[PDB]
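In structure tokens, one chain follows: the form deposited in one PDB entry.
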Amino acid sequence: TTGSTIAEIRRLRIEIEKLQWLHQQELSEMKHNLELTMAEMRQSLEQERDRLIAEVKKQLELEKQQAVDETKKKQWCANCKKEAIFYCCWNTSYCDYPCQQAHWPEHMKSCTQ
């Protein structure tokens, strides 16, 4: 029947028309939410970078102070900068006799005792 086919076609066409109007609000709010999550991620990553750098600097500054202080407690070879075991005169110590011999031409200029 002609009228019944026309009504069925018309019904389908109307359903397609309703399909067109769908999902506009979702996509248009999706871009704006993308901007906000992107900005929040950039800010959080920047704060985490600053926190990590500050922490690494604090820890290595403490490690440096510990190394310097440990170093002040010992005597160091004036020729090779390894730990020394005997001394010639003020602020001139050596780890073995060959370092003393090697360093003598320079140390001779300013030696005592």
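Shifts are known only where both forms have a C-alpha. Here, rigid core means the biggest group of C-alpha atoms that superpose within 1.5 Å across both forms. In this text, residue numbers run from 1 along the sequence as written.
Unshown form deposited in another entry; subsequent notes refer to it.
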Worksheet item: Of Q43, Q65, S28, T71, which one's CA moves 2 Å or more between the shown form and the other one, core aligned?
Response: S28
Fill in: Rigid core superposed: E8 CA moves 2 Å or more between the shown form and the other one
yes
Worksheet item: With both forms fit on the core, is the shift of the CA atom of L19 between the shown form and the other one 2 Å or larger?
Response: yes
Discussion item. For a quick check of understanding: after superposing on the core, name the runs of at least three residues, shared by both forms, whose CA atoms each shift 2 angstroms or more between the shown form and the other one.
Written reply: 2-25, 27-34
